[PDB]
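Heads up, the thing below is written out as structure tokens.
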Amino acid sequence: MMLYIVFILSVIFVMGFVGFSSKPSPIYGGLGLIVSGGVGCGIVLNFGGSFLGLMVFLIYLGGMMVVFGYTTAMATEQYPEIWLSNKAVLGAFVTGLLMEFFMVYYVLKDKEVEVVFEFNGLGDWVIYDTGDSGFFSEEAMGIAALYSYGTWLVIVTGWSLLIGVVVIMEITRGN
Amino acid sequence: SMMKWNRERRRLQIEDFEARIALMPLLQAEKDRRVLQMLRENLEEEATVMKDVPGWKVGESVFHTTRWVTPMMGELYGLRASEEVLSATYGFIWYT
Amino acid sequence: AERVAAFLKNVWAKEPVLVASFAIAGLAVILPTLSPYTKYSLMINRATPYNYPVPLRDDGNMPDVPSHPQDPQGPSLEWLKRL
Amino acid sequence: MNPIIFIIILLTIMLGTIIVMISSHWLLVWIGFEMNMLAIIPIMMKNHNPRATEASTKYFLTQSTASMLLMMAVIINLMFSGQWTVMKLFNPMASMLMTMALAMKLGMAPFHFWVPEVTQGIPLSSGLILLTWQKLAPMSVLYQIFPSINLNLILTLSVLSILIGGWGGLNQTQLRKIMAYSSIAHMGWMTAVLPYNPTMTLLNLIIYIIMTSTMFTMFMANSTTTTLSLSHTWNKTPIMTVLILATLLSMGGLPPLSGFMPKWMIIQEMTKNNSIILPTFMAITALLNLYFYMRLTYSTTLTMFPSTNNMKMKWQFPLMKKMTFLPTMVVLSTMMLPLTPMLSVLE
Amino acid sequence: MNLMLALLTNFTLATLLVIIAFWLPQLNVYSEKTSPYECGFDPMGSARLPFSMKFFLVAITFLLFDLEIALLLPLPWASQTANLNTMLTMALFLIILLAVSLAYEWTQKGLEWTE
Amino acid sequence: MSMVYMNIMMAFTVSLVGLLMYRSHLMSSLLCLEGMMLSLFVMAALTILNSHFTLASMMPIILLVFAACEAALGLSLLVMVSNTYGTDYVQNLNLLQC
Amino acid sequence: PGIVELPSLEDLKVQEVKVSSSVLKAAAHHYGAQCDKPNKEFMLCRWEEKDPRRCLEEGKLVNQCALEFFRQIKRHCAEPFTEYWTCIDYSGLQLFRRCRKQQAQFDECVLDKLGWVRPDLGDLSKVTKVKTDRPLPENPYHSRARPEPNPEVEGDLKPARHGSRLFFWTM
Amino acid sequence: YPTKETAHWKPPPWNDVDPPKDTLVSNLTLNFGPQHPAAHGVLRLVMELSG
Amino acid sequence: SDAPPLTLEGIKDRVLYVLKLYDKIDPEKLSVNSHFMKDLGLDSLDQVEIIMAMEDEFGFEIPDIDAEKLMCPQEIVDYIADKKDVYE
Amino acid sequence: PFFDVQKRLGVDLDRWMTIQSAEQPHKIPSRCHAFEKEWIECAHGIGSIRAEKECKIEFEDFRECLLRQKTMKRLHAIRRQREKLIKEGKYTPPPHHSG
Ligand SMILES: CCCCCCCCCCCCCCCCCC(=O)OC[C@H](COP(=O)([O-])OCC(O)COP(=O)([O-])OC[C@@H](COC(=O)CCCCCCCCCCCCCCCCC)OC(=O)CCCCCCCCCCCCCCCCC)OC(=O)CCCCCCCCCCCCCCCCC
Ligand SMILES: CCCCCCCCCCCCCCCCCC(=O)OC[C@H](COP(=O)(O)OCCN)OC(=O)CCCCCCCCCCCCCCCCC
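Chains as they are written, first to last, in the authors' numbering: chain J, 1 to 175; chain Z, 48 to 143; chain b, 1 to 83; chain N, 1 to 347; chain A, 1 to 115; chain K, 1 to 98; chain X, 1 to 171; chain D, 20 to 70; chain T, 1 to 88; chain e, 1 to 99.
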């Protein structure tokens with residue numbers, strides 16, 4: 001149904017993580033982290049945060065593009081592997097799927113699964129707020145606050161990024 | 048040119064925000080009666096669904112405090128129409 | 001005085017794009033300090049009524065707080081209209 | 001590496017450590033750890049040889065994994081308490097994750113395998129930053145969350161470190177792995193007394209830092225990274241052989257030397273809480289540490305090992321290295337026992 | 001909902017065209033037709049051998065710079081704050097550091113591709 | 001905790017277990033580190049958005065910033081690993097303690 | 001922990017205002033000046049009580065002024081107004097700026113027929129004081145008694161007796 | 020304490036630098052013709068590329 | 001652990017086994033002292049192919065000058081011993 | 001903090017984001033503002049050991065407003081009972097809930 005869009009997207013979210021966690025060739029591993037990046041952007045979006053959802057998807061699209069260019073250089077062999085071409089990758093891929101299937105089965109039937117934490121299967125929609133906000137996006141206001149409120153966060157983040165450039169220039173210089 | 052028009056646009060926004068402010072007291076009053084009407088309807092029906100359960104105090108709170116606690120989506124729309132709930136929860140996010 | 005116009009003219013003939021970058025960047029960091037309308041910018045932001053203006057309880061000693069939205073008391077946006 | 005870049009990178013490591021120490025927000029504490037880890041790798045790879053690359057690769061993987069666990073604990077704590085304060089955690093599951101995360105960064109067993117390896121693959125100076133300055137931040141977080149740390153978890157790690165640390169170093173001839181395992185064993189004493197009295201954790205950490213720093217400085221003076229190499233020092237700097245003897249004896253906890261103070265004060269606190277068996281086991285188990293410290297003295301100071309003919313050429317040159325703070329550190333690392341009651345200043 | 005339908009329609013249309021492409025034409029398959037194309041002669045070695053990246057250092061920098069847009073895209077909303085003096089200072093501070101990052105890599109031959 | 005939190009925490013564990021169990025490629029184990037960041041990002045975003053913790057809305061953004069300072073750092077070592085050996089196999093990093 | 005006390009369906013019933021949103025937007029500026037008192041008195045109750053059930057009575061008086069407000073427009077400016085809000089309703093953003101002509105016809109009719117004066121820019125945003133006989137609520141959060149604090153330590157400092165008293169040290 | 024396993028372990032290099040390895044990676048080889056727009060039809064230009 | 005040491009009896013099995021796999025030598029009359037050319041009838045190239053198998057067997061390079069003299073299985077076993085210093 | 005420099009220098013570096021009842025942009029309140037305020041005001045100064053026992057109610061209420069476990073269990077019980085009664089033709093849906 002439609003009331004369970006977030007739960008369905010989260011199931012697909014886990015399936016992508018089982019995807020690249022099996023560690024096929026990073027070409028397919030990068031594909032899995034892009035699929036989960038997209039649906040992960042959907043889940044956040046359905047909770048109200050559209051800027052956050054688009055940001056993570058956008059940032060991971062760029063990052064996984066650099067990984068692709070590196071895979072053809074440092075992480076490639078004559079016969080790249082798929083989820084079917086190894087027993088280790090196949091055994092791990094089917095393992096994670098069954099463990100997700102049994103969680104979806106018990107939560108949707110029992111309505112209460114306790115594994116470390118207690119989880120409730122009534123439906124994600126039961127916790128949403130009822131009232132409306134004002135004439136603005138609440139999450140947008142908070143992200144804008146980074147500059148008026150987060151002065152200390154900007155300074156460290158800006159400094160860390162600047163050193164990040166310097167650091168990789170030293171590491172990769174070689175000789 | 049761009050600055051004057053933008054400056055004109057800040058004044059238009061204020062005239063738009065003030066009109067909202069003149070209406071909020073009426074919308075607050077309407078929203079209150081709407082929630083309370085729905086909380087009672089959920090309470091009234093629960094009385095006919097837990098009429099036999101031995102250990103059950105109808106309409107009992109779950110908090111120790113007696114303060115007013117704003118109801119969550121599950122409470123307010125307990126058993127309303129399926130499509131009514133979907134637009135209540137994802138109506139704004141999905142409306143484009 | 002003879003070497004300042006020799007570095008500038010050397011870069012302008014080799015790095016015209018960089019000259020336009022530093023020159024543009026400099027005005028962004030300087031002009032806001034020197035502008036007289038920068039104060040108005042901050043005042044217009046405070047003038048945008050996002051929240052509801054919750055009223056006050058009249059204790060009887062608040063002559064600076066208006067009794068009606070159309071009273072002389074209280075801040076006015078007259079400066080905004082003429083701006 | 002350009003000398004300007006070395007300082008800025010060093011100042012970022014300290015800034016990462018200092019941010020963790022002054023922060024009152026679980027987000028900044030994580031940022032501090034990330035900033036520290038960012039600027040520590042280049043110092044390992046300041047020479048660009050295959051062993052530095054392996055050490056940096058192994059060091060990056062371990063700390064980044066630890067950081068994911070520490071951030072995961074911070075999020076679970078946010079859900080169950082709705083606040084970011086750097087104080088006691090509000091969920092048993094988050095405390096376990098944070099404790100393991102911090103134990104991974106410190107190198108406490110069983111998450112210890114990297115410490116012998118990273119130190120061996122990096123210069124002596126780099127190892128000094130890895131085994132002294134990199135404990136300040138992980139320790140300043142245990143100091144603030146010890147009330148919520150599980151008792152059985154923390155003590156188990158300490159009993160494993162003192163055992164793994166003691167046995168591991170028996171088999172080593174490299175000086176950078178003897179100090180790697182000496183570090184692990186000393187982490188056990190620091191975290192064993194944390195549940196009972198955090199003040200004694202600081203004292204054990206301060207004495208450990210001085211003795212460790214003194215050891216590395218004297219190794220750097222002669223450029224010695226093996227047991228045999230250190231055996232020729234009696235033919236170059238005989239005064240340096242005696243200082244190594246005194247420092248090594250102190251590190252073993254022998255009285256009346258400073259290295260006995262942290263052990264002495266730790267036993268007191270545990271006994272006052274009716275913990276008799278554990279300090280006894282820790283004290284006896286520390287004889288393993290003293291044994292492989294005594295082999296260094298036998299090969300270094302108490303006997304004269306064979307030399308080489310070309311050694312005669314070194315007699316004619318002075319020791320040109322900085323050896324900064326060495327004369328002060330050597331004194332503080334042997335002759336502080338009479339000033340034991342000064343530990344109250346740490347409170 | 002409306003977005004979902006549009007997404008489902010665009011990709012369904014493309015899939016049908018792919019299905020039609022493979023099932024409408026008359027086919028004639030044999031080994032020499034499906035071999036890899038390298039200008040008429042057989043390729044020497046697999047296309048899966050390593051392919052050197054002469055701009056690896058520029059690629060890594062892209063990650064770090066590509067984050068600045070995450071921290072910079074809020075600026076249109078940030079300008080609406082009442083504390084414009086602080087917000088203005090940090091917005092320029094953040095952008096200025098990005099330029100200093102670029103100028104450091106530029107001078108250090110970072111942007112120059114290797115050989 | 002709603003049924004969504006189960007999948008995001010289930011996803012984090014899958015990435016965590018994936019990271020700890022290396023196969024051969026170092027790049028394959030770098031993705032799992034980036035995968036864990038995505039789980040934590042989503043889990044924080046759901047928690048912060050749901051409770052209307054307005055100022056905390058900047059936390060997930062800051063998280064991504066250092067999420068990529070590791071990826072950049074992680075790829076930097078991978079370049080240096082393959083230069084020495086020609087491939088990013090982890091079995092070649094066995095000079096230390098052996 | 002007790003039953004949640006809610007009003008009956010009879011206690012929440014009132015003559016409702018059934019004019020679409022385009023109508024309210026077009027008539028909000030005159031509504032924000034004529035019905036200021038009955039509903040500024042309501043919002044103060046609502047904020048201070050922090051309980052929908054404690055300000056229902058004030059809520060009914062908001063609908064009263066709102067209804068009587070429209071009856072006045074319906075009896076004098078019925079036609080010029082219906083032209084006004086119809087134009088606003090046409091747009092999807094319900095923009096004021098595209099209906100300034102019809103606004104003048106509506107402002108002049110109310111001004112002449114009813115004497116209403118439109119608020120000036122920045123008026124409805126002001127913070128106003130409202131006189132109410134309703135007592136100021138005590139403990140609106142229904143908070144229990146806070147725990148008593150730890151006793152304070154007082155007295156001039158004196159040096160420790162016999163020193164540190166650490167094993168054998170005499171100082 | 021030598022064992023069965025650690026019999027073959029060798030002392031690390033005096034200066035910590037291990038010998039560089041032999042030929043590892045070969046340049047990609049590509050046929051730039053003869054059926055190429057820029058090969059003038061009849062030029063099989065066999066190239067060895069590094070990237 | 002340290003692998004078992006090479007012994008002159010161990011080498012002998014390897015050589016004969018390698019020769020046994022060869023399809024031109026008749027297994028019946030292949031003695032440790034039999035001659036490749038005269039006894040087994042192999043030609044020059046047939047002899048060169050056998051020496052190539054021995055390189056694969058023990059994994060080391062044999063120069064052409066030496067292989068010109070390995071005319072019977074015995075000296076092969078001798079030659080392998082001389083390279084691995086298997087005096088036994 | 002290990003070194004409470006902020007208190008010494010009187011500079012707020014990160015305490016503005018520690019709690020969700022702090023000042024927010026445009027005075028936007030959080031969903032559990034009222035409960036977090038009471039727990040913090042109950043437990044101020046007495047210390048953590050006491051607040052673990054004397055302010056236990058105000059913290060259980062807060063923990064309910066966050067995860068709503070005690071609330072979802074109640075709803076879960078009603079749904080279970082309702083689907084049972086409606087399974088054997090014994091529950092008549094009220095008009096508004098459906099129609
Ligand atoms: C050092 C520890 C022993 C080492 C031996 C090895 C033992 C290792 C195991 C450690 C066992 C635990 C620690 C020891 C047990 C202490 C337990 C205790 O209750 O402490 C009470 C102890 C005394 O309390 P008390 O019983 O109420 O009063 C003692 C008397 O009434 C007297 O007090 P007073 O106030 O009436 O008169 C003070 C008296 C000083 O007090 C004493 O000397 C005798 C008091 C000792 C108490 C009995 C302890 C047993 C050990 C005896 C040590 C013999 C010290 C004399 C050595 C020959 C020098 C005359 O005379 C003065 O020196 C005048 C004041 C000088 C002020 C200096 C101003 C700054 C300038 C500093 C310049 C430094 C010199 C530069 C060098 C230039 C050379 C050209 O206070 C302490 O906690 C301090 C502990 C450390 C003792 C230091 C005493 C000597 C100070 C001068 C250093 C001379 C070298 C010392 C040998 C070190 C070589 C490695
Ligand atoms: C309140 C805060 C505001 C201040 C912000 C402070 C940060 C400023 C820098 C931020 C931007 C990052 C760039 C910093 C590096 C400057 C550029 C540089 O480093 O050039 C070095 C250059 C190396 O190239 P080279 O191989 O030597 O070729 C030339 C041969 N001589 O060798 C050279 O040629 C160097 C020549 C000197 C470079 C001078 C650069 C001047 C920059 C400021 C110009 C501002 C003035 C214009 C604006 C005023 C308004 C119009």
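All residues carry an ideal CB built from backbone N, CA and C; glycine is no exception.
message = So if I threshold CB-CB distances at 7 Å, which residues from the region 65-82 of chain N count as touching chain K?
response = Sequence-ordered contacts of the region 65-82 of chain N with chain K read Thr65, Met68, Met71, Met72, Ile75, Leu78, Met79, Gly82 [C-beta pairs closer than 7 Å].
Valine 113 of chain J - partner residues in DSSP beta bridges = Residue numbering aside, residue 113 of chain J sits at position 113 when the first sequence is read from its first letter. For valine 113 of chain J, the beta-bridge partners assigned by DSSP are J/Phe119.
ask   = Looking at the C-beta of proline 38 of chain D, does it have a partner C-beta in chain A at a distance below 9 Å?
value = Working through the eighth sequence from its first residue, we reach residue 38 of chain D at position 19. Put simply, the CB of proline 38 of chain D is far from chain A, with every gap to its CB atoms at 9 Å or more.
key: Per-residue DSSP class, three states only, for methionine 71 of chain N   = Locating residue 71 of chain N in the fourth sequence gives position 71, counting from the first residue. Helix, per DSSP.
ask   = Are the region 124-136 of chain Z and the region 36-53 of chain X in contact at 8 Å, needing three or more beta carbon pairs?
value = no
query = Which same chain residues, not among the five before or five after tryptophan 315 of chain N, have their C-beta less than 6 Å away from its C-beta?
reply = Residue mapping note: residue 315 of chain N aligns to position 315 of the fourth sequence, counting from 1. So no residue of the chain qualifies.
ask   = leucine 8 of chain T lies in the alpha helix (DSSP H); which residues open and close that run?
value = If you number the ninth sequence from 1, residue 8 of chain T lands on position 8. Its alpha helix (DSSP H) spans residues 8-21.
message = For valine 109 of chain Z, tell me which candidate among X/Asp112, X/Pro1, X/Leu12 has the shortest Cα-Cα distance.
response = Locating residue 109 of chain Z in the second sequence gives position 62, where the first residue counts as 1. With distances taken between Cα atoms, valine 109 of chain Z lies closest to X/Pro1.
ask   = How big is the Cα-Cα spacing for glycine 42 of chain J and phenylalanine 135 of chain J?
value = Indexing the first sequence from 1 puts residue 42 of chain J at position 42. Indexing the first sequence from 1 puts residue 135 of chain J at position 135. Their Cα atoms are separated by approximately 23 Å.
request  = Measure the alpha-carbon distance for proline 39 of chain D versus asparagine 175 of chain J and round it to whole angstroms.
outcome  = By one-based count along the eighth sequence, residue 39 of chain D stands at place 20. By one-based count along the first sequence, residue 175 of chain J stands at place 175. Computed Cα separation, rounded: 12 Å.
key: Partners in chain N for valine 115 of chain J, counting only beta-carbon separations shorter than 8 Å   = The residue labelled residue 115 of chain J in the question sits at position 115 within the first sequence. Going along chain N, no residue has its Cβ under 8 Å from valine 115 of chain J, so there is no contact; the nearest lies around 11 Å.
ask   = Going by alpha carbons, who is nearest to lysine 73 of chain e out of J/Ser21, J/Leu9, J/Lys109, J/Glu118?
value = By one-based count along the tenth sequence, residue 73 of chain e stands at place 73. With distances taken between Cα atoms, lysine 73 of chain e lies closest to J/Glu118.
request  = Closer than 9 Å by beta-carbon distance: list the chain K residues that pair up with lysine 105 of chain N, in chain order.
outcome  = Position 105 of the fourth sequence, counted from the start, is the residue given in the question as residue 105 of chain N. Here the premise fails: no neighbours, minimum Cβ distance about 15 Å.
Any non-hydrogen atom of ligand 2 closer than 8 Å to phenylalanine 22 of chain b Cβ = Taking the third sequence and counting its residues from 1, one reaches residue 22 of chain b at position 22. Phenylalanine 22 of chain b Cβ: within cutoff of ligand 2.
ask   = chain N partners of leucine 166 of chain X, CB-CB under 7 Å?
value = For the purposes of this step, residue 166 of chain X is taken as the residue at position 166 of the seventh sequence. Under the 7 Å cutoff, chain N gives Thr340, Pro341.
inquiry  = Looking only at its chain, what residues have a beta carbon closer than 6 Å to the beta carbon of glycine 53 of chain J, apart from the 5 residues adjacent to it on each side?
reply    = As a first step, residue 53 of chain J is located in the first sequence; it is residue number 53 there, counting from the start. Around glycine 53 of chain J: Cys41, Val44, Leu45.
query = Under three-state DSSP, which class holds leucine 93 of chain K?
reply = To locate residue 93 of chain K, count along the sixth sequence from 1; it is residue 93. The answer is coil: DSSP assigns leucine 93 of chain K none of H, G, I, E or B.
task = Go ahead and label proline 119 of chain X buried or exposed: buried means 16 or more other beta carbons lie within 10 angstroms of its beta carbon, across all protein chains shown.
result = Within the seventh sequence, numbered from 1, the residue matching residue 119 of chain X stands at position 119. By the 10 Å Cβ count, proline 119 of chain X comes out buried.
key: Secondary structure of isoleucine 9 of chain N, DSSP reduced to three states   = As a working mapping, residue 9 of chain N is identified with position 9 in the fourth sequence. Of the three classes helix, strand and coil, the one that applies to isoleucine 9 of chain N here is helix, per DSSP.
task = Determine, using beta carbons only, whether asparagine 50 of chain K comes closer than 9 Å to chain e.
result = The residue given as residue 50 of chain K occupies position 50 in the sixth sequence. It does; some Cβ of chain e falls within 9 Å.
query = Among X/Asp123, X/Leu6, X/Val62, which has the Cα closest to the Cα of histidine 68 of chain b?
reply = Working through the third sequence from its first residue, we reach residue 68 of chain b at position 68. Measuring from the Cα of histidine 68 of chain b, the nearest candidate turns out to be X/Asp123.
ask   = What is the rounded straight-line gap between the Cα of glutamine 174 of chain N and the Cα of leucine 124 of chain N?
value = As a position in the fourth sequence, residue 174 of chain N is number 174, starting the count at 1. As a position in the fourth sequence, residue 124 of chain N is number 124, starting the count at 1. Taking the straight line joining both Cα atoms gives about 12 Å.
query = Can we say the region 14-25 of chain J touches the region 78-92 of chain J, given the rule of at least three CB pairs closer than 8 Å?
reply = yes
message = Counting only beta-carbon separations shorter than 9 Å, does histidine 59 of chain D have a partner in chain A?
response = Sequence index remark: in the eighth sequence, residue 59 of chain D carries index 40 (1-based). For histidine 59 of chain D, the answer is no, since every Cβ of chain A falls outside 9 Å of its Cβ.
request  = Since I believe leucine 38 of chain N is in contact with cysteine 69 of chain K (beta carbons under 8 Å), could you give me their beta-carbon distance rounded to a whole number of angstroms?
outcome  = Here residue 69 of chain K corresponds to residue number 69 of the sixth sequence, with the count starting at 1. Here residue 38 of chain N corresponds to residue number 38 of the fourth sequence, with the count starting at 1. The Cβ separation is near 6 Å, so the contact holds.
query = Can you tell me where the beta strand (DSSP E) with residue 178 of chain X in it begins and where it stops?
reply = This structure leaves residue 178 of chain X out entirely; chain X is present only between 1 and 171.
ask   = With respect to 8 Å, is the separation between the Cβ of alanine 27 of chain X and the closest non-hydrogen atom of ligand 2 below this value?
value = For this step, residue 27 of chain X is matched to residue 27 along the seventh sequence. Incorrect: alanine 27 of chain X has no Cβ contact closer than 8 Å to ligand 2.
inquiry  = Strictly by DSSP, which residues pair up with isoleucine 267 of chain N?
reply    = In the fourth sequence, the residue the question calls residue 267 of chain N occupies position 267. According to DSSP, which records beta bridges pairwise, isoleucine 267 of chain N is partnered with nothing at all.
query = Got a sec: does ligand 1 put a non-hydrogen atom nearer than 8 Å to the Cβ of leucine 339 of chain N?
reply = For the purposes of this step, residue 339 of chain N is taken as the residue at position 339 of the fourth sequence. Yes, Cβ of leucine 339 of chain N sits closer than 8 Å to a heavy atom of ligand 1.
task = May I ask you to list, following chain order, the residues of the region 25-51 of chain b that have a beta carbon less than 8 Å from some beta carbon of chain X?
result = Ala47, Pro49
ask   = chain N beta carbons: is any one of them nearer than 9 Å to that of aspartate 41 of chain D?
value = Position 22 of the eighth sequence holds residue 41 of chain D. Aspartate 41 of chain D does not count as touching chain N.
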